[PDB]
Amino acid sequence: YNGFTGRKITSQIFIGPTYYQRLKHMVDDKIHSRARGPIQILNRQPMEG
Amino acid sequence: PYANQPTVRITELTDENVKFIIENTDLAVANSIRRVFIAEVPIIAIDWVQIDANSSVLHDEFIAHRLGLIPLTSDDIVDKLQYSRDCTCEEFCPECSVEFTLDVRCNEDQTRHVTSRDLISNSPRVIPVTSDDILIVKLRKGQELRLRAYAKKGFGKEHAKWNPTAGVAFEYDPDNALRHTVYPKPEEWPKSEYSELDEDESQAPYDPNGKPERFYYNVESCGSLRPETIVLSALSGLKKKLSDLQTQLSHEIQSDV
Amino acid sequence: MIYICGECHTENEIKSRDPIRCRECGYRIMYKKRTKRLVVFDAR
Amino acid sequence: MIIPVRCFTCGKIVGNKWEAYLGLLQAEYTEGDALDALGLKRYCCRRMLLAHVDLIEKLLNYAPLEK
Amino acid sequence: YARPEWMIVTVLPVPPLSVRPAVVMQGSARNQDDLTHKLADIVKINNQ
RNA sequence: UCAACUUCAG
Ligand SMILES: CO[C@@H]1[C@H](O)[C@H](n2cnc3c(=O)nc(N)[nH]c32)O[C@H]1COP(=O)(O)OP(=O)(O)OP(=O)(O)O
Ligand SMILES: [Zn+2]
Ligand SMILES: [Zn+2]
Ligand SMILES: [Zn+2]
């Protein structure tokens, strides 16, 4: 049954208990942004990482 | 051009369950009543924890999570209690919250099961649905848990800890007559408990003029609110939301004029 | 401050610039011990 | 690590039923019969007790940091 | 722009310190670039 | 701090 409207979904939907794993890759570890931050000595270009 | 007059027939009423049927109502109204059951019925649950000493294996925020999920009797005073935001006093006070305390140490050799029974409330009306018990942590000898918690009014839209219900079963058209679900092979499909069809007939004949009515509900209480008062509070809360909407709408119409 | 011993689990007070050795057991691993200030956890 | 309070899918309290489940298993009851006796009906709730691994007992073997 | 004699090295250009920065650690020590070490070797052999 | 290495992601 559709959660928002309560109407039965026309196509019957495959439901069951499946085992799922949470991989170590998380968005908080990956989100990054740069704006005139630290700069390397030799190249005098923005740093890496 | 006006609202239909719904009717209710309660088939089952037990301390944990209410099975009822609402007839002559729209699908939108019925679904939104179910939705309010789930998310918009106020309840009391722990939302502030301060752990003085936690030597248990579980870390502090694990204990806090488990404490918040513990249901608390909110039958009468949840209507009396105010939201923390509404209350004038800073932080929390007897009107906006309820205080719980836990002071357990495993002095004995045998493992001590810290349960919800060990939580002690300052007001007798809110108790952790103890009258087994929910296990907060297991303490080895020499391990101690001490904490103070504050329980506040809220509804399940904020957090699932404030859900007053376990499972709301909502069904309409038990025998597929409006063809809202089109079975590829009708015979393979099990009959509903509310189905009135004979065993030979898998589906009722298509009703071209039909509209979803006679909705069947089974609302299972989590123990915090009685299953009857979950439904009553949901109806009243939906009516209050509509009335607030109407008040703001009237004010803005007056402003436009 | 006061450091709890790793093995014998007895609190010993070690001054700054003092070797990290528990009295009466001699273990060289100490733990800082929980803070007095208290942190609020939302049960969420 | 420890039996979760409330089944994830629906929210029925399953935290009070782990010790009773273990006791019923000790009695003679099959896992399904014990789950039925505890009142777990939907397979979402039965997954909570059936699939639970109690590591808190293994962690309690280690001696506490402060005694 | 280029005479054949100028290809033979009679004067070695020493790059500025910008080209060969001194890698500082904790103020306790200053490692020197590979170019600085090679130039030190060249100076030693030239003095010998 | 910089070089090196390995392990991962798509
Ligand atoms: C589809 O093409 C992409 C891209 O070409 C880019 N890519 C990825 N690895 C590399 C690499 O090593 N070097 C370079 N240059 N590019 C690379 O990744 C490719 C696919 O790889 P995959 O085949 O694993 O994608 P699934 O089919 O596996 O997707 P699921 O169902 O998991 O989401
Ligand atoms: Zn207050
Ligand atoms: Zn010691
Ligand atoms: Zn469940």
# chains A, B, ... in the order shown; residues from 1 in each chain; ligands from 1
>>> interface_residues(of="chain D", to="chain B", cutoff="7 Å", atoms="only C-alpha atoms", output="list in words")
residues 5, 10, 11, 12, 13, 15, 16, 17, 59, 60, 64 and 67 of chain D
>>> residues_near_ligand(ligand="ligand 4", cutoff="8 Å", atoms="only C-alpha atoms (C1' of nucleotides) and all ligand atoms", output="list in words")
residues 166 and 167 of chain B; 6, 7, 8, 9, 10, 11, 12, 40, 42, 43, 44, 45, 46, 47 and 48 of chain D
>>> write_last_selection(atoms="C-alpha atoms", output="tab-separated table (two decimals), in the first residue's frame")
chain	number	residue	atom	x	y	z
B	166	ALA	CA	4.15	-0.92	16.84
B	167	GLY	CA	2.37	-1.98	13.68
D	6	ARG	CA	12.17	-2.33	19.66
D	7	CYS	CA	12.14	-4.20	16.36
D	8	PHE	CA	13.59	-2.00	13.64
D	9	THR	CA	10.77	-2.49	11.15
D	10	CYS	CA	7.72	-1.98	13.37
D	11	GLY	CA	8.89	-0.96	16.83
D	12	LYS	CA	7.41	-3.66	19.03
D	40	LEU	CA	6.34	-12.43	18.11
D	42	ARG	CA	5.43	-10.72	12.12
D	43	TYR	CA	8.60	-12.06	10.54
D	44	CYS	CA	10.17	-8.64	11.11
D	45	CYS	CA	9.98	-9.18	14.88
D	46	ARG	CA	10.97	-12.84	14.65
D	47	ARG	CA	14.08	-11.78	12.74
D	48	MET	CA	15.14	-9.69	15.74
>>> residues_near_ligand(ligand="ligand 1", cutoff="12 Å", atoms="only C-alpha atoms (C1' of nucleotides) and all ligand atoms", output="list in words")
residues 8, 9 and 10 of chain F
>>> write_last_selection(atoms="N, CA, C and O atoms (P, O5', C5', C4', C3', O3' and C1' of nucleotides)", output="PDB file, in the first residue's frame")
ATOM      1  P     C F   8      43.407  -4.344  -1.315  1.00  0.00           P
ATOM      2  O5'   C F   8      42.173  -3.558  -0.710  1.00  0.00           O
ATOM      3  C5'   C F   8      41.271  -2.865  -1.547  1.00  0.00           C
ATOM      4  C4'   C F   8      40.748  -1.616  -0.903  1.00  0.00           C
ATOM      5  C3'   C F   8      39.851  -0.784  -1.794  1.00  0.00           C
ATOM      6  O3'   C F   8      38.525  -1.264  -1.851  1.00  0.00           O
ATOM      7  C1'   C F   8      41.495   0.604  -0.872  1.00  0.00           C
ATOM      8  P     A F   9      37.827  -1.511  -3.265  1.00  0.00           P
ATOM      9  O5'   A F   9      37.180  -0.114  -3.629  1.00  0.00           O
ATOM     10  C5'   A F   9      36.386   0.577  -2.682  1.00  0.00           C
ATOM     11  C4'   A F   9      36.028   1.952  -3.184  1.00  0.00           C
ATOM     12  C3'   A F   9      35.745   2.040  -4.671  1.00  0.00           C
ATOM     13  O3'   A F   9      34.429   1.651  -5.034  1.00  0.00           O
ATOM     14  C1'   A F   9      37.327   3.673  -4.116  1.00  0.00           C
ATOM     15  P     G F  10      34.061   0.486  -6.063  1.00  0.00           P
ATOM     16  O5'   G F  10      33.076   1.565  -6.386  1.00  0.00           O
ATOM     17  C5'   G F  10      33.298   2.890  -6.783  1.00  0.00           C
ATOM     18  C4'   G F  10      32.926   3.385  -8.171  1.00  0.00           C
ATOM     19  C3'   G F  10      33.346   2.754  -9.494  1.00  0.00           C
ATOM     20  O3'   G F  10      32.215   2.501 -10.319  1.00  0.00           O
ATOM     21  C1'   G F  10      35.007   4.321  -9.006  1.00  0.00           C
TER      22        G F  10
END
>>> interface_residues(of="chain A", to="chain B", cutoff="8 Å", atoms="only C-alpha atoms", output="MDAnalysis selection string")
chainID A and resid 4:12
>>> residues_around(residues="segment 37-47 of chain A", least_positions_apart="6", cutoff="12 Å", atoms="only C-alpha atoms (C1' of nucleotides)", output="list in words")
residues 16, 17, 18, 19, 20, 21, 22, 23, 24 and 33 of chain E; 1 and 2 of chain F
>>> atom_distance(atom1="atom CA of residue 37 of chain D", atom2="atom CA of residue 20 of chain D")
9.5 Å
>>> residues_near_ligand(ligand="ligand 2", cutoff="7 Å", atoms="only C-alpha atoms (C1' of nucleotides) and all ligand atoms", output="PDB file with N, CA and C atoms, in the first residue's frame")
ATOM      1  N   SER B  84       8.805  21.150  25.614  1.00  0.00           N
ATOM      2  CA  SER B  84       9.899  21.915  26.199  1.00  0.00           C
ATOM      3  C   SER B  84      10.002  23.295  25.565  1.00  0.00           C
ATOM      4  N   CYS B  87       7.313  25.522  27.175  1.00  0.00           N
ATOM      5  CA  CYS B  87       7.451  25.841  28.589  1.00  0.00           C
ATOM      6  C   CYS B  87       8.332  27.066  28.777  1.00  0.00           C
ATOM      7  N   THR B  88       7.898  27.960  29.666  1.00  0.00           N
ATOM      8  CA  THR B  88       8.607  29.215  29.878  1.00  0.00           C
ATOM      9  C   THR B  88       9.947  28.990  30.560  1.00  0.00           C
ATOM     10  N   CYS B  89      10.010  28.037  31.484  1.00  0.00           N
ATOM     11  CA  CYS B  89      11.224  27.833  32.259  1.00  0.00           C
ATOM     12  C   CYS B  89      12.383  27.419  31.361  1.00  0.00           C
ATOM     13  N   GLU B  90      13.589  27.822  31.755  1.00  0.00           N
ATOM     14  CA  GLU B  90      14.781  27.375  31.053  1.00  0.00           C
ATOM     15  C   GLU B  90      15.001  25.888  31.298  1.00  0.00           C
ATOM     16  N   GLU B  91      15.698  25.244  30.361  1.00  0.00           N
ATOM     17  CA  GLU B  91      15.862  23.792  30.295  1.00  0.00           C
ATOM     18  C   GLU B  91      14.574  23.055  30.646  1.00  0.00           C
ATOM     19  N   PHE B  92      14.581  22.254  31.709  1.00  0.00           N
ATOM     20  CA  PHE B  92      13.483  21.336  31.967  1.00  0.00           C
ATOM     21  C   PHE B  92      13.014  21.441  33.409  1.00  0.00           C
ATOM     22  N   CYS B  93      11.727  21.180  33.595  1.00  0.00           N
ATOM     23  CA  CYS B  93      11.035  21.400  34.856  1.00  0.00           C
ATOM     24  C   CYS B  93       9.949  20.345  34.972  1.00  0.00           C
ATOM     25  N   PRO B  94       9.286  20.245  36.130  1.00  0.00           N
ATOM     26  CA  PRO B  94       8.253  19.203  36.269  1.00  0.00           C
ATOM     27  C   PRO B  94       7.132  19.299  35.249  1.00  0.00           C
ATOM     28  N   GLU B  95       6.821  20.493  34.747  1.00  0.00           N
ATOM     29  CA  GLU B  95       5.727  20.621  33.792  1.00  0.00           C
ATOM     30  C   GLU B  95       6.135  20.164  32.399  1.00  0.00           C
ATOM     31  N   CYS B  96       7.394  20.363  32.026  1.00  0.00           N
ATOM     32  CA  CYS B  96       7.830  20.037  30.680  1.00  0.00           C
ATOM     33  C   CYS B  96       8.570  18.711  30.584  1.00  0.00           C
ATOM     34  N   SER B  97       8.878  18.063  31.702  1.00  0.00           N
ATOM     35  CA  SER B  97       9.683  16.852  31.651  1.00  0.00           C
ATOM     36  C   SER B  97       9.457  16.025  32.905  1.00  0.00           C
TER      37      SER B  97
END
>>> interface_residues(of="chain C", to="chain B", cutoff="8 Å", atoms="only C-alpha atoms", output="CSV table (one decimal) with N, CA and C atoms, in the first residue's frame")
chain,number,residue,atom,x,y,z
C,38,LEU,N,30.4,16.8,33.0
C,38,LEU,CA,29.4,15.9,32.4
C,38,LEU,C,28.9,16.4,31.1
C,39,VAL,N,28.7,15.5,30.2
C,39,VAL,CA,28.3,15.8,28.8
C,39,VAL,C,26.9,15.2,28.6
C,40,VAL,N,26.0,16.1,28.0
C,40,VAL,CA,24.6,15.7,27.8
C,40,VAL,C,24.5,14.9,26.5
C,41,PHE,N,23.9,13.7,26.6
C,41,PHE,CA,23.6,12.9,25.4
C,41,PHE,C,22.1,13.0,25.2
C,42,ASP,N,21.7,13.4,24.0
C,42,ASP,CA,20.4,13.2,23.5
C,42,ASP,C,20.2,11.7,23.3
C,43,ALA,N,19.1,11.2,23.8
C,43,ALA,CA,18.9,9.7,23.7
C,43,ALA,C,18.7,9.3,22.2
C,44,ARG,N,18.4,10.3,21.3
C,44,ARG,CA,18.3,10.0,19.9
C,44,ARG,C,19.5,9.3,19.3
>>> residues_near_ligand(ligand="ligand 3", cutoff="8 Å", atoms="only C-alpha atoms (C1' of nucleotides) and all ligand atoms", output="list in words")
residues 4, 5, 6, 7, 8, 9, 10, 11, 12, 21, 22, 23, 24, 25, 26, 27 and 30 of chain C
>>> write_last_selection(atoms="N, CA, C and O atoms", output="short mmCIF file (atom, residue, chain, number, x, y, z; two decimals), in the first residue's frame")
data_model
loop_
_atom_site.label_atom_id
_atom_site.label_comp_id
_atom_site.auth_asym_id
_atom_site.auth_seq_id
_atom_site.Cartn_x
_atom_site.Cartn_y
_atom_site.Cartn_z
N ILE C 4 44.41 5.52 36.49
CA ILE C 4 44.07 4.16 36.89
C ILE C 4 45.07 3.20 36.27
O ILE C 4 45.46 3.37 35.11
N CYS C 5 45.48 2.20 37.02
CA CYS C 5 46.46 1.25 36.51
C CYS C 5 45.82 0.27 35.54
O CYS C 5 44.66 -0.11 35.68
N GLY C 6 46.61 -0.15 34.55
CA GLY C 6 46.09 -1.05 33.54
C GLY C 6 45.76 -2.43 34.08
O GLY C 6 44.76 -3.03 33.69
N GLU C 7 46.61 -2.95 34.96
CA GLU C 7 46.49 -4.34 35.40
C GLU C 7 45.80 -4.46 36.76
O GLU C 7 44.80 -5.17 36.88
N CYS C 8 46.33 -3.80 37.79
CA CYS C 8 45.77 -3.94 39.12
C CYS C 8 44.58 -3.03 39.38
O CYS C 8 43.94 -3.15 40.43
N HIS C 9 44.28 -2.12 38.45
CA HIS C 9 43.08 -1.29 38.51
C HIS C 9 43.00 -0.47 39.80
O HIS C 9 41.93 -0.29 40.37
N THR C 10 44.15 0.02 40.26
CA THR C 10 44.20 0.88 41.43
C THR C 10 44.66 2.27 41.02
O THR C 10 45.70 2.42 40.37
N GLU C 11 43.88 3.28 41.41
CA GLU C 11 44.21 4.65 41.05
C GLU C 11 45.51 5.07 41.72
O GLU C 11 45.68 4.90 42.93
N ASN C 12 46.42 5.64 40.94
CA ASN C 12 47.65 6.20 41.48
C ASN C 12 47.84 7.59 40.90
O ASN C 12 47.53 7.84 39.74
N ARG C 21 54.84 4.43 36.40
CA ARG C 21 54.90 3.11 37.01
C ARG C 21 53.97 3.08 38.20
O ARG C 21 54.14 3.86 39.14
N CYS C 22 52.99 2.19 38.16
CA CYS C 22 52.05 2.08 39.27
C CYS C 22 52.77 1.58 40.52
O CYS C 22 53.57 0.64 40.45
N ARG C 23 52.49 2.22 41.65
CA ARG C 23 52.95 1.69 42.92
C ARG C 23 52.24 0.38 43.23
O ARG C 23 51.04 0.23 42.98
N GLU C 24 52.99 -0.57 43.77
CA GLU C 24 52.57 -1.89 44.25
C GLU C 24 52.34 -2.90 43.12
O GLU C 24 52.10 -4.07 43.42
N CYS C 25 52.40 -2.50 41.85
CA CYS C 25 52.34 -3.51 40.79
C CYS C 25 53.43 -3.28 39.75
O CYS C 25 53.93 -4.23 39.14
N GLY C 26 53.79 -2.02 39.51
CA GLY C 26 54.83 -1.69 38.57
C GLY C 26 54.43 -1.68 37.11
O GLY C 26 55.29 -1.49 36.25
N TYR C 27 53.15 -1.87 36.79
CA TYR C 27 52.71 -1.84 35.41
C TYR C 27 52.94 -0.45 34.82
O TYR C 27 52.82 0.56 35.52
N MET C 30 49.00 3.29 32.22
CA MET C 30 48.00 3.96 33.03
C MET C 30 46.92 4.55 32.14
O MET C 30 47.13 4.78 30.95
#
>>> select_by_dssp(residues="chain E", states="strand (DSSP E)", output="PyMOL selection string")
chain E and resi 23-25+29-31
>>> atom_distance(atom1="atom CA of residue 105 of chain B", atom2="atom CA of residue 130 of chain B")
20.7 Å
>>> select_by_dssp(residues="chain D", states="helix (DSSP H, G or I)", output="list in words")
residues 18, 19, 20, 21, 22, 23, 24, 25, 26, 27, 31, 32, 33, 34, 35, 36, 37, 43, 44, 45, 46, 47, 48, 49, 50, 56, 57, 58 and 59 of chain D
>>> write_last_selection(atoms="N, CA and C atoms", output="PDB file, in the first residue's frame")
ATOM      1  N   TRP D  18      14.538 -11.492  25.139  1.00  0.00           N
ATOM      2  CA  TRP D  18      15.699 -12.319  24.825  1.00  0.00           C
ATOM      3  C   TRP D  18      15.939 -13.384  25.887  1.00  0.00           C
ATOM      4  N   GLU D  19      15.892 -13.001  27.160  1.00  0.00           N
ATOM      5  CA  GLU D  19      16.129 -13.976  28.219  1.00  0.00           C
ATOM      6  C   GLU D  19      15.032 -15.029  28.256  1.00  0.00           C
ATOM      7  N   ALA D  20      13.783 -14.612  28.044  1.00  0.00           N
ATOM      8  CA  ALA D  20      12.691 -15.571  27.954  1.00  0.00           C
ATOM      9  C   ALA D  20      12.867 -16.496  26.757  1.00  0.00           C
ATOM     10  N   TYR D  21      13.330 -15.961  25.628  1.00  0.00           N
ATOM     11  CA  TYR D  21      13.594 -16.787  24.456  1.00  0.00           C
ATOM     12  C   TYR D  21      14.644 -17.842  24.756  1.00  0.00           C
ATOM     13  N   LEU D  22      15.745 -17.435  25.387  1.00  0.00           N
ATOM     14  CA  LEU D  22      16.790 -18.397  25.718  1.00  0.00           C
ATOM     15  C   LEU D  22      16.273 -19.447  26.687  1.00  0.00           C
ATOM     16  N   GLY D  23      15.476 -19.034  27.668  1.00  0.00           N
ATOM     17  CA  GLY D  23      14.920 -19.999  28.597  1.00  0.00           C
ATOM     18  C   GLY D  23      13.997 -20.995  27.922  1.00  0.00           C
ATOM     19  N   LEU D  24      13.170 -20.520  26.993  1.00  0.00           N
ATOM     20  CA  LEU D  24      12.263 -21.413  26.282  1.00  0.00           C
ATOM     21  C   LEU D  24      13.031 -22.370  25.384  1.00  0.00           C
ATOM     22  N   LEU D  25      14.119 -21.899  24.777  1.00  0.00           N
ATOM     23  CA  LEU D  25      14.991 -22.801  24.034  1.00  0.00           C
ATOM     24  C   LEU D  25      15.585 -23.863  24.947  1.00  0.00           C
ATOM     25  N   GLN D  26      15.987 -23.475  26.160  1.00  0.00           N
ATOM     26  CA  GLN D  26      16.475 -24.466  27.117  1.00  0.00           C
ATOM     27  C   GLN D  26      15.389 -25.459  27.503  1.00  0.00           C
ATOM     28  N   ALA D  27      14.132 -25.016  27.554  1.00  0.00           N
ATOM     29  CA  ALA D  27      13.048 -25.901  27.968  1.00  0.00           C
ATOM     30  C   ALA D  27      12.946 -27.109  27.048  1.00  0.00           C
ATOM     31  N   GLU D  31      12.863 -23.080  17.985  1.00  0.00           N
ATOM     32  CA  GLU D  31      12.996 -21.634  17.858  1.00  0.00           C
ATOM     33  C   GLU D  31      11.679 -20.999  17.439  1.00  0.00           C
ATOM     34  N   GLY D  32      10.983 -21.615  16.484  1.00  0.00           N
ATOM     35  CA  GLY D  32       9.704 -21.080  16.055  1.00  0.00           C
ATOM     36  C   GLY D  32       8.651 -21.123  17.142  1.00  0.00           C
ATOM     37  N   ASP D  33       8.597 -22.222  17.896  1.00  0.00           N
ATOM     38  CA  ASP D  33       7.615 -22.319  18.970  1.00  0.00           C
ATOM     39  C   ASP D  33       7.913 -21.334  20.091  1.00  0.00           C
ATOM     40  N   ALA D  34       9.189 -21.144  20.428  1.00  0.00           N
ATOM     41  CA  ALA D  34       9.533 -20.138  21.423  1.00  0.00           C
ATOM     42  C   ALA D  34       9.150 -18.746  20.947  1.00  0.00           C
ATOM     43  N   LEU D  35       9.420 -18.445  19.676  1.00  0.00           N
ATOM     44  CA  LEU D  35       9.041 -17.145  19.132  1.00  0.00           C
ATOM     45  C   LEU D  35       7.535 -16.951  19.178  1.00  0.00           C
ATOM     46  N   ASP D  36       6.772 -18.011  18.920  1.00  0.00           N
ATOM     47  CA  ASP D  36       5.320 -17.906  19.025  1.00  0.00           C
ATOM     48  C   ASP D  36       4.881 -17.690  20.466  1.00  0.00           C
ATOM     49  N   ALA D  37       5.514 -18.385  21.413  1.00  0.00           N
ATOM     50  CA  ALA D  37       5.138 -18.246  22.816  1.00  0.00           C
ATOM     51  C   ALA D  37       5.419 -16.841  23.325  1.00  0.00           C
ATOM     52  N   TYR D  43       7.241 -11.572  10.753  1.00  0.00           N
ATOM     53  CA  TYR D  43       8.599 -12.059  10.541  1.00  0.00           C
ATOM     54  C   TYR D  43       9.639 -10.977  10.792  1.00  0.00           C
ATOM     55  N   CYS D  44       9.245  -9.704  10.755  1.00  0.00           N
ATOM     56  CA  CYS D  44      10.174  -8.639  11.109  1.00  0.00           C
ATOM     57  C   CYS D  44      10.600  -8.756  12.568  1.00  0.00           C
ATOM     58  N   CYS D  45       9.649  -9.036  13.462  1.00  0.00           N
ATOM     59  CA  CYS D  45       9.982  -9.177  14.876  1.00  0.00           C
ATOM     60  C   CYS D  45      10.709 -10.482  15.145  1.00  0.00           C
ATOM     61  N   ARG D  46      10.298 -11.557  14.475  1.00  0.00           N
ATOM     62  CA  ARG D  46      10.967 -12.838  14.654  1.00  0.00           C
ATOM     63  C   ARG D  46      12.403 -12.793  14.159  1.00  0.00           C
ATOM     64  N   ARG D  47      12.698 -11.953  13.166  1.00  0.00           N
ATOM     65  CA  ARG D  47      14.081 -11.779  12.739  1.00  0.00           C
ATOM     66  C   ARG D  47      14.938 -11.211  13.863  1.00  0.00           C
ATOM     67  N   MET D  48      14.358 -10.352  14.702  1.00  0.00           N
ATOM     68  CA  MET D  48      15.138  -9.693  15.744  1.00  0.00           C
ATOM     69  C   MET D  48      15.696 -10.702  16.736  1.00  0.00           C
ATOM     70  N   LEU D  49      14.850 -11.606  17.221  1.00  0.00           N
ATOM     71  CA  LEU D  49      15.309 -12.608  18.177  1.00  0.00           C
ATOM     72  C   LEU D  49      16.035 -13.749  17.487  1.00  0.00           C
ATOM     73  N   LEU D  50      15.545 -14.167  16.326  1.00  0.00           N
ATOM     74  CA  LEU D  50      16.095 -15.334  15.654  1.00  0.00           C
ATOM     75  C   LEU D  50      17.529 -15.096  15.201  1.00  0.00           C
ATOM     76  N   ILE D  56      27.467  -9.459  24.204  1.00  0.00           N
ATOM     77  CA  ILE D  56      27.698  -8.816  25.490  1.00  0.00           C
ATOM     78  C   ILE D  56      28.255  -9.823  26.483  1.00  0.00           C
ATOM     79  N   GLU D  57      27.873 -11.093  26.351  1.00  0.00           N
ATOM     80  CA  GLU D  57      28.393 -12.120  27.244  1.00  0.00           C
ATOM     81  C   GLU D  57      29.882 -12.350  27.018  1.00  0.00           C
ATOM     82  N   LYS D  58      30.333 -12.282  25.766  1.00  0.00           N
ATOM     83  CA  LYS D  58      31.755 -12.449  25.492  1.00  0.00           C
ATOM     84  C   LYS D  58      32.544 -11.237  25.952  1.00  0.00           C
ATOM     85  N   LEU D  59      31.958 -10.046  25.841  1.00  0.00           N
ATOM     86  CA  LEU D  59      32.654  -8.842  26.272  1.00  0.00           C
ATOM     87  C   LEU D  59      32.715  -8.747  27.788  1.00  0.00           C
TER      88      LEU D  59
END
>>> atom_distance(atom1="atom CA of residue 3 of chain D", atom2="atom CA of residue 51 of chain D")
10.1 Å
>>> residues_around(residues="segment 1-3 of chain B", least_positions_apart="4", cutoff="12 Å", atoms="only C-alpha atoms (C1' of nucleotides)", output="PDB file with N, CA, C and O atoms, in the first residue's frame")
ATOM      1  N   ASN B  24     -17.728   4.361   5.227  1.00  0.00           N
ATOM      2  CA  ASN B  24     -18.227   5.611   4.663  1.00  0.00           C
ATOM      3  C   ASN B  24     -17.228   6.748   4.870  1.00  0.00           C
ATOM      4  O   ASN B  24     -17.562   7.825   5.362  1.00  0.00           O
ATOM      5  N   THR B  25     -15.985   6.501   4.474  1.00  0.00           N
ATOM      6  CA  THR B  25     -14.903   7.459   4.634  1.00  0.00           C
ATOM      7  C   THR B  25     -14.053   7.430   3.373  1.00  0.00           C
ATOM      8  O   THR B  25     -14.085   6.466   2.608  1.00  0.00           O
ATOM      9  N   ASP B  26     -13.297   8.496   3.155  1.00  0.00           N
ATOM     10  CA  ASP B  26     -12.417   8.551   2.002  1.00  0.00           C
ATOM     11  C   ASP B  26     -11.116   7.810   2.280  1.00  0.00           C
ATOM     12  O   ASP B  26     -10.707   7.623   3.425  1.00  0.00           O
ATOM     13  N   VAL B  29      -8.596  10.271   3.972  1.00  0.00           N
ATOM     14  CA  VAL B  29      -8.826  10.451   5.401  1.00  0.00           C
ATOM     15  C   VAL B  29      -8.344   9.234   6.171  1.00  0.00           C
ATOM     16  O   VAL B  29      -7.687   9.357   7.206  1.00  0.00           O
TER      17      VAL B  29
END
>>> interface_residues(of="chain A", to="chain D", cutoff="12 Å", atoms="only C-alpha atoms", output="PyMOL selection string")
chain A and resi 15-19
